[PDB]
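Participant: Just one file: entry-v7.pdb, with PDB, C-alpha atoms.
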ATOM      1  CA  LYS A 249       0.000   0.000   0.000  1.00  0.00           C
ATOM      2  CA  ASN A 250       3.053   2.305   0.121  1.00  0.00           C
ATOM      3  CA  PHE A 251       5.288   1.048  -2.722  1.00  0.00           C
ATOM      4  CA  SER A 252       3.368   3.162  -5.262  1.00  0.00           C
ATOM      5  CA  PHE A 253       4.622   6.429  -3.762  1.00  0.00           C
ATOM      6  CA  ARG A 254       8.209   5.186  -4.038  1.00  0.00           C
ATOM      7  CA  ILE A 255       7.555   4.445  -7.711  1.00  0.00           C
ATOM      8  CA  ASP A 256       6.111   7.960  -7.985  1.00  0.00           C
ATOM      9  CA  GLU A 257       9.265   9.495  -6.502  1.00  0.00           C
ATOM     10  CA  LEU A 258      11.513   7.537  -8.876  1.00  0.00           C
ATOM     11  CA  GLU A 259       9.333   8.647 -11.792  1.00  0.00           C
ATOM     12  CA  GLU A 260       9.511  12.259 -10.584  1.00  0.00           C
ATOM     13  CA  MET A 261      13.291  11.960 -10.677  1.00  0.00           C
ATOM     14  CA  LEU A 262      13.742  10.279 -14.055  1.00  0.00           C
ATOM     15  CA  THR A 263      10.757  10.241 -16.409  1.00  0.00           C
ATOM     16  CA  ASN A 264      10.470  13.898 -17.455  1.00  0.00           C
ATOM     17  CA  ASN A 265      14.104  14.924 -16.886  1.00  0.00           C
ATOM     18  CA  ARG A 266      15.590  16.262 -20.115  1.00  0.00           C
ATOM     19  CA  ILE A 267      19.025  14.837 -19.290  1.00  0.00           C
ATOM     20  CA  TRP A 268      17.516  11.368 -18.819  1.00  0.00           C
ATOM     21  CA  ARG A 269      15.610  11.630 -22.102  1.00  0.00           C
ATOM     22  CA  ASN A 270      18.723  12.933 -23.869  1.00  0.00           C
ATOM     23  CA  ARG A 271      20.597   9.883 -22.588  1.00  0.00           C
ATOM     24  CA  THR A 272      17.854   7.319 -23.296  1.00  0.00           C
ATOM     25  CA  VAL A 273      15.670   8.499 -26.202  1.00  0.00           C
ATOM     26  CA  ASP A 274      16.567   6.915 -29.568  1.00  0.00           C
ATOM     27  CA  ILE A 275      19.467   4.952 -28.041  1.00  0.00           C
ATOM     28  CA  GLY A 276      19.761   1.275 -28.932  1.00  0.00           C
ATOM     29  CA  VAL A 277      16.750   1.188 -31.247  1.00  0.00           C
ATOM     30  CA  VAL A 278      15.841  -2.331 -32.391  1.00  0.00           C
ATOM     31  CA  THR A 279      13.092  -3.242 -34.854  1.00  0.00           C
ATOM     32  CA  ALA A 280      10.378  -5.812 -34.215  1.00  0.00           C
ATOM     33  CA  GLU A 281      11.565  -8.126 -36.995  1.00  0.00           C
ATOM     34  CA  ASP A 282      15.196  -7.941 -35.861  1.00  0.00           C
ATOM     35  CA  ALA A 283      14.158  -8.506 -32.245  1.00  0.00           C
ATOM     36  CA  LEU A 284      12.190 -11.599 -33.269  1.00  0.00           C
ATOM     37  CA  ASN A 285      15.029 -12.934 -35.429  1.00  0.00           C
ATOM     38  CA  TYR A 286      17.733 -12.221 -32.833  1.00  0.00           C
ATOM     39  CA  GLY A 287      15.937 -14.272 -30.172  1.00  0.00           C
ATOM     40  CA  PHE A 288      14.882 -11.431 -27.877  1.00  0.00           C
ATOM     41  CA  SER A 289      12.135 -11.791 -25.282  1.00  0.00           C
ATOM     42  CA  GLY A 290      10.382  -9.852 -22.557  1.00  0.00           C
ATOM     43  CA  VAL A 291      10.705  -6.074 -22.536  1.00  0.00           C
ATOM     44  CA  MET A 292      13.303  -6.229 -25.320  1.00  0.00           C
ATOM     45  CA  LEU A 293      10.409  -7.466 -27.460  1.00  0.00           C
ATOM     46  CA  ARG A 294       7.656  -5.310 -25.965  1.00  0.00           C
ATOM     47  CA  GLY A 295       9.703  -2.138 -26.377  1.00  0.00           C
ATOM     48  CA  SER A 296       9.395  -2.560 -30.152  1.00  0.00           C
ATOM     49  CA  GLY A 297       5.597  -2.844 -30.083  1.00  0.00           C
ATOM     50  CA  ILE A 298       5.404  -6.645 -30.115  1.00  0.00           C
ATOM     51  CA  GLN A 299       2.334  -7.693 -28.117  1.00  0.00           C
ATOM     52  CA  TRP A 300       3.679 -10.776 -26.360  1.00  0.00           C
ATOM     53  CA  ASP A 301       3.667 -11.816 -22.707  1.00  0.00           C
ATOM     54  CA  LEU A 302       4.038 -15.427 -21.592  1.00  0.00           C
TER
ATOM     55  CA  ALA B   3      -9.853 -30.276  18.766  1.00  0.00           C
ATOM     56  CA  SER B   4      -9.408 -26.663  17.693  1.00  0.00           C
ATOM     57  CA  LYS B   5     -10.205 -24.888  14.440  1.00  0.00           C
ATOM     58  CA  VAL B   6      -7.834 -24.855  11.490  1.00  0.00           C
ATOM     59  CA  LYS B   7      -5.615 -21.787  11.877  1.00  0.00           C
ATOM     60  CA  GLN B   8      -3.739 -20.413   8.880  1.00  0.00           C
ATOM     61  CA  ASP B   9      -2.407 -17.134   7.529  1.00  0.00           C
ATOM     62  CA  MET B  10      -5.458 -15.720   5.763  1.00  0.00           C
ATOM     63  CA  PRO B  11      -6.743 -12.360   4.541  1.00  0.00           C
ATOM     64  CA  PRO B  12      -9.125 -10.659   6.987  1.00  0.00           C
ATOM     65  CA  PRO B  13     -12.866 -11.261   6.562  1.00  0.00           C
ATOM     66  CA  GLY B  14     -14.126  -9.017   3.819  1.00  0.00           C
ATOM     67  CA  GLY B  15     -10.775  -8.156   2.293  1.00  0.00           C
ATOM     68  CA  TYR B  16      -7.876  -5.709   2.263  1.00  0.00           C
ATOM     69  CA  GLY B  17      -8.147  -1.995   1.644  1.00  0.00           C
ATOM     70  CA  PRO B  18      -7.434  -0.759  -1.876  1.00  0.00           C
ATOM     71  CA  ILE B  19      -3.792  -0.644  -2.951  1.00  0.00           C
ATOM     72  CA  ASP B  20      -2.854   2.301  -5.150  1.00  0.00           C
ATOM     73  CA  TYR B  21      -0.782   1.487  -8.223  1.00  0.00           C
ATOM     74  CA  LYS B  22      -1.490   4.175 -10.849  1.00  0.00           C
ATOM     75  CA  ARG B  23       0.905   7.021 -11.586  1.00  0.00           C
ATOM     76  CA  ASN B  24       0.656  10.228  -9.536  1.00  0.00           C
ATOM     77  CA  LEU B  25       2.656  13.155 -10.946  1.00  0.00           C
ATOM     78  CA  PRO B  26       0.593  16.273 -10.148  1.00  0.00           C
ATOM     79  CA  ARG B  27       0.883  19.384 -12.291  1.00  0.00           C
ATOM     80  CA  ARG B  28       1.820  21.861  -9.524  1.00  0.00           C
ATOM     81  CA  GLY B  29       2.998  24.704 -11.725  1.00  0.00           C
ATOM     82  CA  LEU B  30       2.343  28.288 -12.727  1.00  0.00           C
ATOM     83  CA  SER B  31       1.517  29.462 -16.229  1.00  0.00           C
ATOM     84  CA  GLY B  32       4.319  30.426 -18.586  1.00  0.00           C
ATOM     85  CA  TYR B  33       3.118  34.022 -18.835  1.00  0.00           C
ATOM     86  CA  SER B  34       3.326  34.358 -15.048  1.00  0.00           C
ATOM     87  CA  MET B  35       6.975  33.294 -14.819  1.00  0.00           C
ATOM     88  CA  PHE B  36       7.969  35.358 -17.856  1.00  0.00           C
ATOM     89  CA  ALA B  37       6.241  38.426 -16.391  1.00  0.00           C
ATOM     90  CA  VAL B  38       7.951  37.960 -13.020  1.00  0.00           C
ATOM     91  CA  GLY B  39      11.331  37.726 -14.740  1.00  0.00           C
ATOM     92  CA  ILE B  40      10.768  40.812 -16.882  1.00  0.00           C
ATOM     93  CA  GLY B  41       9.535  42.834 -13.902  1.00  0.00           C
ATOM     94  CA  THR B  42      12.574  41.847 -11.853  1.00  0.00           C
ATOM     95  CA  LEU B  43      14.827  42.897 -14.732  1.00  0.00           C
ATOM     96  CA  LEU B  44      13.109  46.283 -15.043  1.00  0.00           C
ATOM     97  CA  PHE B  45      13.375  46.963 -11.302  1.00  0.00           C
ATOM     98  CA  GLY B  46      17.070  46.096 -11.388  1.00  0.00           C
ATOM     99  CA  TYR B  47      17.628  48.313 -14.429  1.00  0.00           C
ATOM    100  CA  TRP B  48      16.014  51.315 -12.733  1.00  0.00           C
ATOM    101  CA  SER B  49      18.012  50.842  -9.524  1.00  0.00           C
ATOM    102  CA  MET B  50      21.273  50.442 -11.443  1.00  0.00           C
ATOM    103  CA  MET B  51      20.564  53.527 -13.565  1.00  0.00           C
ATOM    104  CA  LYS B  52      20.123  55.688 -10.468  1.00  0.00           C
ATOM    105  CA  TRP B  53      23.189  54.237  -8.755  1.00  0.00           C
ATOM    106  CA  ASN B  54      25.428  54.629 -11.809  1.00  0.00           C
ATOM    107  CA  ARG B  55      24.398  58.251 -12.354  1.00  0.00           C
ATOM    108  CA  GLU B  56      25.268  58.979  -8.720  1.00  0.00           C
ATOM    109  CA  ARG B  57      28.604  57.188  -9.162  1.00  0.00           C
ATOM    110  CA  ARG B  58      29.411  59.313 -12.221  1.00  0.00           C
ATOM    111  CA  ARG B  59      28.709  62.472 -10.220  1.00  0.00           C
ATOM    112  CA  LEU B  60      31.002  61.282  -7.412  1.00  0.00           C
ATOM    113  CA  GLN B  61      33.760  60.471  -9.909  1.00  0.00           C
ATOM    114  CA  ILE B  62      33.485  63.975 -11.368  1.00  0.00           C
ATOM    115  CA  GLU B  63      33.754  65.460  -7.872  1.00  0.00           C
ATOM    116  CA  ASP B  64      36.945  63.605  -6.964  1.00  0.00           C
ATOM    117  CA  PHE B  65      38.420  64.331 -10.407  1.00  0.00           C
ATOM    118  CA  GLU B  66      37.860  68.022  -9.680  1.00  0.00           C
ATOM    119  CA  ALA B  67      39.583  67.570  -6.318  1.00  0.00           C
ATOM    120  CA  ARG B  68      42.583  66.219  -8.234  1.00  0.00           C
ATOM    121  CA  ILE B  69      42.390  69.164 -10.641  1.00  0.00           C
ATOM    122  CA  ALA B  70      42.407  71.629  -7.746  1.00  0.00           C
ATOM    123  CA  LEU B  71      45.429  69.924  -6.181  1.00  0.00           C
ATOM    124  CA  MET B  72      47.417  69.533  -9.417  1.00  0.00           C
ATOM    125  CA  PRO B  73      49.340  72.875  -9.691  1.00  0.00           C
TER
END
What is this file in structure tokens?

Facilitator:
Amino acid sequence: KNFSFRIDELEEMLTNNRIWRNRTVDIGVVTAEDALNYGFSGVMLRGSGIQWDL
Amino acid sequence: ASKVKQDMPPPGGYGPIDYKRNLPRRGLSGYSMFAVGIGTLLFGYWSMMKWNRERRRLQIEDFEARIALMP
């Protein structure tokens, strides 16, 4: 019942920070087809728009 | 001879557990902050104008003291 506020504080620190976005946005972009062919799974799939969860 | 006792949720249930994001707006408008900045700049400009004119007058006065002492 209290973990959500900790998530909120982490998100306040990182999500909208322009330094964090400058360091993370458009870095290590992988396509859905390449992710499927390279054997990826989990978030590394779902970050490319592939709708898959075991 | 007693009841079965085990770790169980309370009768009814548990209270709701929040999980959704909470990042409140908590901010002024852009016009407000821009106006505050411009007003602060104008106040500083007026103060500095007065002070620098006074400083120029003082410099002239001590230059004239030097002129009087020069011969």

Participant: Could you expand the ChimeraX specification (/B :<12) & /A into the explicit residues it covers here, written as a compact mmCIF listing (two decimals) with C-alpha atoms, in the frame of the given file?

Facilitator:
# COMPACT_ATOMS: atom_id res chain seq x y z
CA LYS A 249 0.00 0.00 0.00
CA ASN A 250 3.05 2.31 0.12
CA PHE A 251 5.29 1.05 -2.72
CA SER A 252 3.37 3.16 -5.26
CA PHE A 253 4.62 6.43 -3.76
CA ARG A 254 8.21 5.19 -4.04
CA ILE A 255 7.56 4.44 -7.71
CA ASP A 256 6.11 7.96 -7.98
CA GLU A 257 9.26 9.49 -6.50
CA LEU A 258 11.51 7.54 -8.88
CA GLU A 259 9.33 8.65 -11.79
CA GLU A 260 9.51 12.26 -10.58
CA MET A 261 13.29 11.96 -10.68
CA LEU A 262 13.74 10.28 -14.06
CA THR A 263 10.76 10.24 -16.41
CA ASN A 264 10.47 13.90 -17.45

Participant: Please report the interatomic distance between atom CA of residue A:282 and atom CA of residue A:297 in Å with one decimal.

Facilitator: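 According to the coordinates, atom CA of residue A:282 and atom CA of residue A:297 are separated by 12.3 Å.
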
Participant: In Å, rounded to a single decimal, give me how far atom CA of residue A:284 is from atom CA of residue A:296.

Facilitator: 10.0 Å

Participant: For the structure shown, which residues end up in the PyMOL selection byres ((chain A and resi 279) around 12)? Put them as JSON, numbers by chain, please?

Facilitator: {"A": [274, 276, 277, 278, 280, 281, 282, 283, 284, 285, 286, 288, 292, 293, 294, 295, 296, 297, 298]}

Participant: What does the distance from atom CA of residue B:41 to atom CA of residue B:56 come to in Å, to one decimal?

Facilitator: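 The value is 23.1 Å.
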
Participant: Rebuild stretch 253-272 of chain A so that it carries N, CA, C and O atoms, then output the result as a PDB file, in the coordinates of the input.

Facilitator:
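And here is the file that came out, out06.pdb:
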ATOM      1  N   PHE A 253       4.036   5.104  -3.931  1.00  0.00           N
ATOM      2  CA  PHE A 253       4.622   6.429  -3.762  1.00  0.00           C
ATOM      3  C   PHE A 253       6.124   6.417  -4.013  1.00  0.00           C
ATOM      4  O   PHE A 253       6.677   7.403  -4.512  1.00  0.00           O
ATOM      5  N   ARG A 254       6.802   5.318  -3.678  1.00  0.00           N
ATOM      6  CA  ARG A 254       8.209   5.186  -4.038  1.00  0.00           C
ATOM      7  C   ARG A 254       8.384   5.157  -5.551  1.00  0.00           C
ATOM      8  O   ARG A 254       9.298   5.797  -6.096  1.00  0.00           O
ATOM      9  N   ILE A 255       7.514   4.419  -6.248  1.00  0.00           N
ATOM     10  CA  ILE A 255       7.555   4.445  -7.711  1.00  0.00           C
ATOM     11  C   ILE A 255       7.323   5.861  -8.222  1.00  0.00           C
ATOM     12  O   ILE A 255       7.962   6.308  -9.183  1.00  0.00           O
ATOM     13  N   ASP A 256       6.400   6.586  -7.587  1.00  0.00           N
ATOM     14  CA  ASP A 256       6.111   7.960  -7.985  1.00  0.00           C
ATOM     15  C   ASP A 256       7.328   8.857  -7.814  1.00  0.00           C
ATOM     16  O   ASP A 256       7.594   9.719  -8.655  1.00  0.00           O
ATOM     17  N   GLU A 257       8.070   8.682  -6.720  1.00  0.00           N
ATOM     18  CA  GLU A 257       9.265   9.495  -6.502  1.00  0.00           C
ATOM     19  C   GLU A 257      10.344   9.185  -7.535  1.00  0.00           C
ATOM     20  O   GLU A 257      10.982  10.102  -8.074  1.00  0.00           O
ATOM     21  N   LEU A 258      10.556   7.900  -7.833  1.00  0.00           N
ATOM     22  CA  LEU A 258      11.513   7.537  -8.876  1.00  0.00           C
ATOM     23  C   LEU A 258      11.116   8.148 -10.216  1.00  0.00           C
ATOM     24  O   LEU A 258      11.958   8.679 -10.955  1.00  0.00           O
ATOM     25  N   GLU A 259       9.824   8.087 -10.540  1.00  0.00           N
ATOM     26  CA  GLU A 259       9.333   8.647 -11.792  1.00  0.00           C
ATOM     27  C   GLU A 259       9.467  10.165 -11.820  1.00  0.00           C
ATOM     28  O   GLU A 259       9.751  10.743 -12.875  1.00  0.00           O
ATOM     29  N   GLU A 260       9.263  10.825 -10.678  1.00  0.00           N
ATOM     30  CA  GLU A 260       9.511  12.259 -10.584  1.00  0.00           C
ATOM     31  C   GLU A 260      10.970  12.581 -10.860  1.00  0.00           C
ATOM     32  O   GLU A 260      11.283  13.616 -11.459  1.00  0.00           O
ATOM     33  N   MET A 261      11.877  11.713 -10.420  1.00  0.00           N
ATOM     34  CA  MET A 261      13.291  11.960 -10.677  1.00  0.00           C
ATOM     35  C   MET A 261      13.689  11.720 -12.129  1.00  0.00           C
ATOM     36  O   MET A 261      14.496  12.484 -12.670  1.00  0.00           O
ATOM     37  N   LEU A 262      13.157  10.689 -12.780  1.00  0.00           N
ATOM     38  CA  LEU A 262      13.742  10.279 -14.055  1.00  0.00           C
ATOM     39  C   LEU A 262      12.885  10.566 -15.279  1.00  0.00           C
ATOM     40  O   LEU A 262      13.426  10.958 -16.315  1.00  0.00           O
ATOM     41  N   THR A 263      11.565  10.384 -15.198  1.00  0.00           N
ATOM     42  CA  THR A 263      10.757  10.241 -16.409  1.00  0.00           C
ATOM     43  C   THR A 263      10.793  11.495 -17.279  1.00  0.00           C
ATOM     44  O   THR A 263      11.022  11.413 -18.490  1.00  0.00           O
ATOM     45  N   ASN A 264      10.576  12.665 -16.685  1.00  0.00           N
ATOM     46  CA  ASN A 264      10.470  13.898 -17.455  1.00  0.00           C
ATOM     47  C   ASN A 264      11.765  14.698 -17.500  1.00  0.00           C
ATOM     48  O   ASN A 264      11.795  15.758 -18.133  1.00  0.00           O
ATOM     49  N   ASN A 265      12.827  14.223 -16.856  1.00  0.00           N
ATOM     50  CA  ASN A 265      14.104  14.924 -16.886  1.00  0.00           C
ATOM     51  C   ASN A 265      14.654  14.957 -18.306  1.00  0.00           C
ATOM     52  O   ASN A 265      14.681  13.934 -18.995  1.00  0.00           O
ATOM     53  N   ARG A 266      15.100  16.136 -18.747  1.00  0.00           N
ATOM     54  CA  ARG A 266      15.590  16.262 -20.115  1.00  0.00           C
ATOM     55  C   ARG A 266      16.959  15.620 -20.286  1.00  0.00           C
ATOM     56  O   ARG A 266      17.297  15.175 -21.386  1.00  0.00           O
ATOM     57  N   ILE A 267      17.754  15.549 -19.217  1.00  0.00           N
ATOM     58  CA  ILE A 267      19.025  14.837 -19.290  1.00  0.00           C
ATOM     59  C   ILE A 267      18.786  13.340 -19.458  1.00  0.00           C
ATOM     60  O   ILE A 267      19.446  12.678 -20.269  1.00  0.00           O
ATOM     61  N   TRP A 268      17.831  12.788 -18.705  1.00  0.00           N
ATOM     62  CA  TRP A 268      17.516  11.368 -18.819  1.00  0.00           C
ATOM     63  C   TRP A 268      16.995  11.027 -20.208  1.00  0.00           C
ATOM     64  O   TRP A 268      17.387  10.012 -20.795  1.00  0.00           O
ATOM     65  N   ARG A 269      16.112  11.865 -20.753  1.00  0.00           N
ATOM     66  CA  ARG A 269      15.610  11.630 -22.102  1.00  0.00           C
ATOM     67  C   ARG A 269      16.715  11.791 -23.139  1.00  0.00           C
ATOM     68  O   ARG A 269      16.783  11.023 -24.103  1.00  0.00           O
ATOM     69  N   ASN A 270      17.599  12.774 -22.955  1.00  0.00           N
ATOM     70  CA  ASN A 270      18.723  12.933 -23.869  1.00  0.00           C
ATOM     71  C   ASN A 270      19.638  11.720 -23.842  1.00  0.00           C
ATOM     72  O   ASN A 270      20.249  11.379 -24.860  1.00  0.00           O
ATOM     73  N   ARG A 271      19.748  11.060 -22.690  1.00  0.00           N
ATOM     74  CA  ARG A 271      20.597   9.883 -22.588  1.00  0.00           C
ATOM     75  C   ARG A 271      19.905   8.602 -23.036  1.00  0.00           C
ATOM     76  O   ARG A 271      20.593   7.638 -23.387  1.00  0.00           O
ATOM     77  N   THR A 272      18.573   8.559 -23.034  1.00  0.00           N
ATOM     78  CA  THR A 272      17.854   7.319 -23.296  1.00  0.00           C
ATOM     79  C   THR A 272      17.030   7.317 -24.577  1.00  0.00           C
ATOM     80  O   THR A 272      16.827   6.249 -25.156  1.00  0.00           O
TER      81      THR A 272
END
